[PDB]
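Spelled out from the first residue to the last, the chains are:
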Amino acid sequence: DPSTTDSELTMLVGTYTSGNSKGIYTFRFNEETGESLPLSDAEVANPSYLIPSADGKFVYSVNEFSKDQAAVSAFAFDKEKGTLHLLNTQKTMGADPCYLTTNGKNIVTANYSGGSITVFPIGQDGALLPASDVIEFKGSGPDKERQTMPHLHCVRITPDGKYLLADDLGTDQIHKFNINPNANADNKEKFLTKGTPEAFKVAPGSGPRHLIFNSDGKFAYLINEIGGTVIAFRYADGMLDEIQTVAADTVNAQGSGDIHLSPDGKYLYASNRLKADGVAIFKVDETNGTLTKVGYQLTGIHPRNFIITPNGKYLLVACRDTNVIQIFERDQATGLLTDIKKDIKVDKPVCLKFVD
Ligand SMILES: [Mg+2]
Ligand SMILES: [Mg+2]
Ligand code: NA
């Protein structure tokens with residue numbers, strides 16, 4: 001059943017709406033040619049991070065606000081039309097939600113300024129129930145301006161479906177929770193409980209930002225915003241064991257951003273902001289999971305988020321300050337990038353996601 005649509009992905013773009021952005025923008029993106037087409041948009045305030053549901057029928061976005069407007073919005077999504085239809089919104093009761101994840105039964109946010117995480121059950125229609133849990137953290141780190149309190153920046157469900165790991169930029173920790181896979185809107189069971197250990201500690205002043213796992217779930221990789229380092233870990237049965245620390249940033253910019261593995265697992269990419277904005281490229285040793293830097297690609301300004309297409313052919317960079325999504329072709333044998341000069345104009349893009 002080959003179709004033109006096979007290579008056509010639906011892309012969701014989250015933004016900051018302090019300027020001309022309406023909120024969420026949707027596009028068709030061809031992962032074999034790099035061509036794109038605008039589809040629709042949704043008026044949503046500060047949807048700086050969003051996710052599709054696993055079946056692609058729903059989209060959930062944060063509403064990143066410093067006070068009482070902090071929330072999550074739930075939408076019905078039509079992948080073919082690229083249309084978003086708001087279902088409802090619920091308050092996080094934790095300032096600046098900046099990341100979210102789902103297991104199909106609950107949504108979890110990382111509240112940056114609240115220094116907390118919020119759990120929302122998902123109703124039978126895909127809409128959100130009011131928060132069922134708000135988990136507060138305590139502590140600080142050595143950075144005088146950035147680590148005065150916990151700052152939750154990432155929430156990830158482990159590849160074995162058993163744990164939730166939450167990156168805390170403010171305290172140099174990855175908090176660990178046990179997941180109750182049965183917890184849902186109907187039974188009202190608690191989703192998260194503190195695990196053993198309650199947290200993993202990383203080098204002081206690192207500022208843990210985003211965490212990813214490899215395809216078989218035996219390795220994890222963390223990008224540290226302040227330290228500008230990538231930490232490689234061995235992952236097994238709810239344990240993170242540090243195996244290597246490498247420098248993503250080499251100019252002490254203290255603005256590292258996002259992290260992604262190529263789908264074939266052969267290369268790791270990590271972005272840097274503020275100085276020498278771009279993407280560091282590492283070759284992954286497939287057996288021991290360690291990294292060796294192989295290159296660097298300068299990008300537009302403020303690459304807070306990027307994504308790799310499922311076929312591994314393109315790497316798309318959201319450049320918040322240049323108001324563009326830059327498209328790079330990947331050389332699958334060297335990991336190196338080539339700007340194909342097919343930029344997508346978007347005001348303050350900060351989150352890219354695909355729906356197949
Ligand atoms: Mg315990
Ligand atoms: Mg330091
Ligand atoms: Na390049």
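By the method listed in its record, X-ray crystallography, this PDB entry was determined to a resolution of 1.5000 Å.

## Overview of the overall build of the protein
Scanning the protein from terminus to terminus reveals zero helices and 29 strands. For 356 residues, the compact-globule formula gives about 21 Å, and the C-alpha radius of gyration of the protein, at 19 Å, lands near that figure. For the C-alpha atoms alone, the extent of the protein along its principal axes is close to 50 × 45 × 40 Å. Taking as baseline every contact in the protein between residues at least 6 positions apart, the subset at least 24 positions apart corresponds to 47%.

## Quick notes on the sheet that holds strand β2 (residues 23-30)
If you trace the four strands from one edge of the open sheet to the other, you get β3-β2-β1-β29, paired in antiparallel fashion. Edge positions in the sheet fall to β3 (36-43) and β29 (349-355), since each has one partner strand and no second. For this sheet, the mean inter-axis angle between neighbouring strands, taken without regard to orientation, is 25 degrees. By the bridge criterion, six bridges tie strand β1 (residues 8-15) to β2 in an arrangement that is antiparallel. Bridging from a neighbouring strand, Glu-8 pairs with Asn-30 of β2.

## Describing the coordination of the sodium ion (ligand 3)
Binding of the sodium ion (ligand 3) to the protein goes through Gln-297 (OE1) and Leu-337 (O), at separations of 2.2 to 2.4 Å. Residue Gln-297 is found in strand β23 (residues 291-298), and its partner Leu-337 is found in strand β27 (residues 337-339); the two are separated by 40 residues along the sequence. Neither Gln-297 nor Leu-337 differs from the other in exposure class; each is buried.

## A short note on the nonpolar core
In this structure, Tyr-60, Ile-107, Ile-117, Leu-164 and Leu-192 are the most contacted members of the largest nonpolar core, which totals 45 residues. Core analysis: the next-biggest nonpolar cluster, separate from the first, contains 17 residues, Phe-29, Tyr-314, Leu-352 and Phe-354 among them.

## Brief notes about unusual backbone geometry
In this structure, the amide linkage connecting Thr-196 to the following residue, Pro-197, adopts the cis form with an omega of -5 degrees. At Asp-237, a residue that is not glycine, the phi angle is positive and equals roughly 45 degrees. Mapping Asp-237 onto the fold places it in the loop between β18 (229-236) and β19 (239-247). Residues other than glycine seldom take positive phi values, yet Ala-276 does so here, at roughly 50 degrees. Checked against the element boundaries, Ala-276 lands in the loop between β21 (267-272) and β22 (278-284). Relative accessible area serves as the criterion here: at 39%, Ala-276 is assigned to the partly exposed category.

## Comments concerning the pairing of strand β11 (residues 133-136)
Every second residue of β11 is oriented toward a common face, the buried set being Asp-133 and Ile-135 and the non-buried set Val-134 and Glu-136. Here strand β10 (residues 116-121) runs beside β11; their pairing, made up of four bridges, is antiparallel. Residue pairing for β11: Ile-117 is matched across the bridge by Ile-135.

## Some words on the side chain of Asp-249
Mapping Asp-249 onto the fold places it in the loop between β19 and β20 (256-261). Despite its burial, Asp-249 pairs with no opposite charge, the nearest such side chain being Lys-293 at 7.9 Å. A polar atom in the side chain of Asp-249 sits 3.0 Å from the backbone nitrogen of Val-251. Apart from the residues lying within four places of it in its own chain, the contact partners of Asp-249 are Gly-228, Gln-254, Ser-256 and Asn-272.

## Details of the state of the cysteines
The tally for this structure, following the rule as stated, stands at zero disulfides. Just so you know, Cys-154 is unpaired, no disulfide at all, and the nearest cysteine sulfur is the one on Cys-98, 8.4 Å from it.

## Focus on the sheet that holds β18
If you trace the four strands from one edge of the open sheet to the other, you get β16-β17-β18-β19, paired in antiparallel fashion. Of all strands in the sheet, those bounded by a partner on one side alone are β16 (208-213) and β19. Mean inter-strand twist for the sheet, computed between neighbouring axes without regard to direction, equals 25 degrees. Bridge count between β18 and β19: eight bridges; the pairing is antiparallel. Along β19, the bridge assignment pairs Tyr-235 with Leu-240.

## Details of the side chain of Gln-90
Mapping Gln-90 onto the fold places it in strand β7 (residues 83-91). Within the structure, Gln-90 has its side chain in polar contact with the backbone oxygen of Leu-128 (distance 3.1 Å). Filtering out sequence-adjacent residues up to four positions away, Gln-90 remains in contact with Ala-71, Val-72, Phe-120, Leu-128, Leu-129 and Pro-130.

## A word on the environment of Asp-347
As for its placement among the helices and strands, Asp-347 is situated in the loop between β28 (344-345) and β29. Remark: the alpha-carbon pair of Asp-347 and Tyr-16, spanning 331 residues in sequence, is separated by 7.8 Å. A polar side-chain atom of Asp-347 sits 3.3 Å from the main-chain amide nitrogen of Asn-20. Among the polar contacts listed, one links the side chain of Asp-347 to the side chain of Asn-323, at a separation of 3.4 Å.

## Re the pairing of strand β14 (residues 173-179)
Of all seven residues in β14, five are buried; the element is thus mostly enclosed. Linking strand β13 (residues 163-168) back to β14 in an antiparallel pair, the connection comprises four residues, with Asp-172 at a positive phi of about 60 degrees. Bridge count for β14 against strand β15 (residues 192-201) is six bridges, and the pairing is antiparallel. If you follow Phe-177 over to β15, its bridge partner there is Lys-194.

Conventions adopted
Residues numbered from 1 in each chain as written, not as in the entry; some residues may be left out. Chains lettered and ligands numbered in written order. Heavy atoms only, no water. Residues with missing side-chain atoms left out of burial classes, pairs and counts. Helix = DSSP H or I, 4+ residues; strand = E, 2+ residues; numbered from the N terminus. Rg over C-alpha atoms; globule rule 2.2 N^0.38 Å. Contact = heavy atoms within 4.5 Å. Pairing = 2+ DSSP bridges. Axes fitted to C-alpha atoms, helices over the stretch in contact; angles between N-to-C directions. Donors = N, O, S within 2.8 Å, 3.2 Å for Na, K, Ca; no water. Buried < 20%, exposed > 50% of the residue type's maximum accessible area, 1.4 Å probe, protein only. Core = buried A, V, L, I, M, F, W, Y, C linked by side-chain atoms within 4.5 Å. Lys, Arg positive; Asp, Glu negative; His and termini not counted. Salt bridge = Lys/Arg side-chain N within 4 Å of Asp/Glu carboxyl O. Polar contact = N/O pair within 3.5 Å; in protein donor to acceptor, adjacent residues only side chain to side chain. Disulfide = S-S within 2.5 Å.

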